[PDB]
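Chain letters run A, B, ... following the sequence lines, proteins first, then strands; residues in each count from 1. Computed from heavy atoms alone, side chains included, the values below leave out hydrogens, waters and symmetry copies.
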There are 2 protein chains.
Amino acid sequence: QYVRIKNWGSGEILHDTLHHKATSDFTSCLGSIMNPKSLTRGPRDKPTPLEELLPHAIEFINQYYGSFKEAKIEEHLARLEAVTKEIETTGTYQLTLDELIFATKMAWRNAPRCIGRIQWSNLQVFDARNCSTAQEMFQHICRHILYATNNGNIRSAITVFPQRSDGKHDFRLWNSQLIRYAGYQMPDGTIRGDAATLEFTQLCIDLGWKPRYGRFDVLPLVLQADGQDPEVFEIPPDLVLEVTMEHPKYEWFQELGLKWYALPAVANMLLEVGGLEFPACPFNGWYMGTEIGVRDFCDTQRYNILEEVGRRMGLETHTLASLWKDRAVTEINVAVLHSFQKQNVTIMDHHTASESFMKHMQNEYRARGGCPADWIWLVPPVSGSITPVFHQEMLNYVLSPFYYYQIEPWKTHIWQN
Amino acid sequence: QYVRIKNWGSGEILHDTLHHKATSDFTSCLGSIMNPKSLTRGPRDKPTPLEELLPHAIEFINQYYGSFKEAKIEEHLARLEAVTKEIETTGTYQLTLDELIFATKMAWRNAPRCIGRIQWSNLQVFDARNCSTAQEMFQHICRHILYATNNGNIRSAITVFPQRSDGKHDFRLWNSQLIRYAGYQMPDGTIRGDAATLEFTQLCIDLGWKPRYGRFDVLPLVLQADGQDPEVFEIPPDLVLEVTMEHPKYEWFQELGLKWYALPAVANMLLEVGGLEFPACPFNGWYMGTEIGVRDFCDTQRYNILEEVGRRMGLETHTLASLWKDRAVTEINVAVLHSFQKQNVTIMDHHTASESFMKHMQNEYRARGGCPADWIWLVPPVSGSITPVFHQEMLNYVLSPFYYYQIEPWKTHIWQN
Ligand code: HEM
Ligand code: HEM
Ligand SMILES: NCc1ccc(C(=O)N2CCC3(CC2)N=C(N)c2c(F)cccc2N3)cc1
Ligand SMILES: NCc1ccc(C(=O)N2CCC3(CC2)N=C(N)c2c(F)cccc2N3)cc1
Ligand SMILES: C[C@H](O)[C@H](O)[C@H]1CNc2nc(N)[nH]c(=O)c2N1
Ligand SMILES: C[C@H](O)[C@H](O)[C@H]1CNc2nc(N)[nH]c(=O)c2N1
């Protein structure tokens, strides 16, 4: 009937019933796998079978009208009929603006790996389903970036491009994120910039983009429209807001010459809703300090500044047991938060975020008897057990609507020219 | 054929084949659940069915002889025959000392939640399968504690009590750990000592144990022998080695009056091997600093000293974004490591431990194509992504031999007197 969940920090118990509405993934528990097939929705070469589409469409429409505080029975029935007829006569159907808005928010609510879901009801939706060219995609994206950045007062938004038709005319953003720094393999063998974007940077260069060989060069947008070859578009520098890193006490921190972008936006995910699939739907929220201070700046395969910060603090960087790494990573986190705050750019520390999600989870179980959550992604990369999420048992399941991963476009794309 | 595993810090790929030898657990991924049924092996009221026992026995014997560098075919066949005959004539069978040693080490190797498995081959085995009374259990346990403590130079050991026969004569240690501090609900409503042991402490008191109402009172051993009612035995103070907490710089840290025991030993788990079950098999290794500094001292449901340490450091304890918690927990971790080191008591910091396990995992895949690992338990409660384990994809599966959890004895015990 329900799965029992326990919070070992408060002793509180919760009953999960929502998992029954899961779509089942089948299968050596693969919890720590980053990109499993169960969270990936691949490409197609033919339209969605009507026997599959119609049932999902009905299901979604029922969910939509079932969300209203005061039911609108006639509208419900009418919409059910209109959708069916549209599917029979066209082979698919178009969501109303309100349905799309509901779908985007529900898919956000259903994102197990997002710790900021308490904000789920606050989301700006940009309808670009009429987009037809790469140039138009670029314009829509620039508008998204501008609205979201909002001069430092970050706002959550999502831009919905045309849904997948037959699978050969997909709208896709080849970039993993809207804003990301380039990575270069220098002549002397050293790596410059973000080491994690070496391959994608080389791809942009291969497509005509001009490499600037800097530490923080913003990558261009590689846009695919109507299934045609991807076109490169440089992001107008005036639209990219950045924060220069400074430490409240360590004046030498500035000497590191570090900075980061204010806008965190995923650009390569697919929105699934009522049998439909939107291969291009970039969305954004705001940053959590640890993402930059810990992952971007301290991962060894990224900027890897940990040791350098250690020496500058005068720590015993040659003795692991000294816990110098713990001390350093924290000052870096302090720098990130301090800089964003000083420059009036929205950001949240991991402690506040963790308590925020706990409140949300509590609200979700009360509202719909559950909240899909991936513990591995919800617990911060530092001070894990200091946050309440660490002590909270969670159930991870895939509902609908949902935001899926996709197979890298360059691996499945059929080149024309 | 094999599952692909990737380390995102080195890019290294691994092929897991060992998971095929898993015993299958069936089923809303329940990865973050602490005590799931799949990791629990409950009580019985009748002997193990021969149709089930024999196949497992054969399987184990084959594994044992199959581990030798230079095969001993005749011995193998002979043992297979002897076991079968013993099972038919007695209804069960006895493992040889060497088989038990192999079983205990293999079960350790198969513990997905243990980060210290690189030491798997270094284990002292105490054969107490001839034990018959609670008094004898107490003596065996005191010997274990003495050998393991070794005046600060901690040694890994396990004491194997008589295997389960019919299920009504089980040898069980009611304590979760060999050494643990009491928790008291004081008259003024405040909690004194380890808040997590309130219930078990009350149980000891109900069994005649005399409460000392201290902050660090070592709990007595509650021993069950031959299925009879549990008897209480106080642990001789001379056998309990403790470390007084001091900070290398903060002279005021000592004013906190903190200390902890040097011997980390689980006492309520069950060893499963070749169809047999040993409900009582206490084992120990050595401490990892974070267990004490982070979980014992900083969990809110435990000693909860975080805020107090924060104020004493003069931090902004009323502003989460200041990251005062991160700064404090680290100094506490520094104190723990410093104190254990100064007092010459074996301990490992989480960084060294993490790199140690990574080496082990590498060895395991090379040796047998796999290593069962629970990421959620292997990543430390602080500085998660700073350790390599965080970036390592892992497969969690249950093999055999294996150390299982058990249903709390006081919930299933049938009282005599
Ligand atoms: C209100 C601000 C928001 C905050 C602070 C927030 C924060 C986060 C964080 C910290 C992560 C983990 C990132 C990583 O480790 O790669 C994440 C993941 C995610 N978020 Fe949220 N988020 C917000 C808004 C949104 C919005 C508006 C959507 C979608 C409509 C969303 C969808 C997701 C999804 C699908 C993931 C998983 C991405 C992946 O698998 O790489 N989030 N978010
Ligand atoms: C050589 C020293 C060893 C170290 C440093 C070590 C360390 C650890 C640590 C840190 C944990 C997690 C504890 C927790 O969070 O509750 C653990 C769990 C575990 N260890 Fe090891 N260990 C060692 C030896 C052993 C030995 C000798 C055995 C058994 C023969 C063993 C069996 C296990 C098992 C079964 C678990 C899971 C316990 C549970 O689920 O509560 N370990 N160990
Ligand atoms: N593995 C290397 C890597 C990955 C992602 C980013 C990146 O640009 N990020 C990190 C993930 C990201 C979006 C910004 N961070 C958020 N706060 C975010 C968000 F606010 C909403 C939805 C998804 C998000 N994910 C940088 C580097
Ligand atoms: N949840 C409250 C709690 C749990 C366990 C202990 C405890 O005594 N511990 C923590 C777990 C423990 C054994 C010592 N720590 C180890 N290093 C250990 C070990 F060395 C070998 C096997 C199992 C172990 N587990 C204290 C408090
Ligand atoms: C192997 C492991 O799944 C991987 O390193 C993880 C774990 N936890 C994470 N959690 C978040 N939020 N983001 C991540 O990228 C990861 N990566
Ligand atoms: C809910 C969650 O499983 C629980 O808090 C965990 C997680 N990680 C852990 N990891 C270890 N090593 N030990 C623990 O007790 C826990 N507890």
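- When the candidates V294(B), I5(B), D349(B) are compared by the number of heavy-atom contacts under 4.5 Å with chain A, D349(B) comes out ahead.
- Both the backbone and the side chain of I33(A) come within contact range of chain B, each with at least one heavy atom under 4.5 Å from a heavy atom of that chain.
- With a 4.5 Å cut-off on non-hydrogen atoms, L395(B) touches chain A through its backbone and its side chain both.
- The parts of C29(B) that come within reach of chain A are both its backbone and its side chain, each placing non-hydrogen atoms under 4.5 angstrom from that chain.
- When side chains are defined from C-beta on, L323(B) counts as touching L337(A), because their heavy atoms get closer than 4.5 Å.
- We find the NE2-CZ distance between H391(A) and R295(B) to be 4.5 Å, quoted to the nearest 0.5 Å.
- Although no hydrogens or angles enter the test, the distance criterion places no donor-acceptor pair under 3.5 Å between the side chain of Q301(A) and the main chain of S10(B).
- The choice from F26(A), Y397(A), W375(A) that makes the most heavy-atom pairs within less than 4.5 Å of chain B is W375(A).
- In this structure, chain A has no heavy atom under 4.5 Å from any part of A22(B).
- The candidate with the highest count of non-hydrogen atom pairs below 4.5 Å against chain B, out of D25(A), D299(A), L30(A), is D299(A).
- Inter-residue side-chain proximity for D326(A) and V329(B) is flagged as unmet; no heavy-atom pair is nearer than 4.5 Å.
- Neither the backbone nor the side chain of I347(A) comes within contact range of chain B; no heavy atom of the residue lies under 4.5 Å from a heavy atom of that chain.
- Although no hydrogens or angles enter the test, the distance criterion places a donor-acceptor pair under 3.5 Å between the side chain of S32(A) and the main chain of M394(B).
- When each of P381(B), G384(B), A196(B) is checked for heavy-atom pairs under 4.5 Å with chain A, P381(B) comes out on top.
- No more than 12 heavy atoms of other residues, nucleotides or ligands lie within 6.0 Å of CD in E316(B), so this atom counts as exposed by the packing criterion.
- The 12-atom threshold is exceeded at CD of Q362(A), counting heavy atoms of other residues, nucleotides or ligands nearer than 6.0 Å.
- With a 4.5 angstrom heavy-atom cutoff, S28(A) touches chain B via backbone and side-chain atoms both.
- Interface check for chain A: of the options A321(B), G31(B), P372(B), the most heavy-atom pairs under 4.5 Å are formed by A321(B).
- Heavy atoms closer than 4.5 Å to chain A are found in both the backbone and the side chain of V334(B).
- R327(B) approaches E331(A) most closely through the heavy-atom pair NH2-OE1, 2.8 Å.
- If you tally non-hydrogen atom pairs under 4.5 Å between each of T290(B), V382(B), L320(B) and chain A, the highest count goes to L320(B).
- Annotation: the span from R302(B) atom CZ to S385(A) atom OG amounts to 11.0 Å, rounded to 0.5 Å.
- Within the 4.5 angstrom heavy-atom criterion, only backbone atoms of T27(A) (N, CA, C, O) approach chain B.
- Note: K325(A) leads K325(A), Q392(A), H338(A) in heavy-atom pairs under 4.5 Å with chain B.
- Interface summary for chain A: among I386(B), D374(B), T300(B), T330(B), the most heavy-atom pairs under 4.5 angstrom belong to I386(B).
- Using a 4.5 Å cut-off between heavy atoms, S383(B) touches chain A through backbone and side chain atoms alike.
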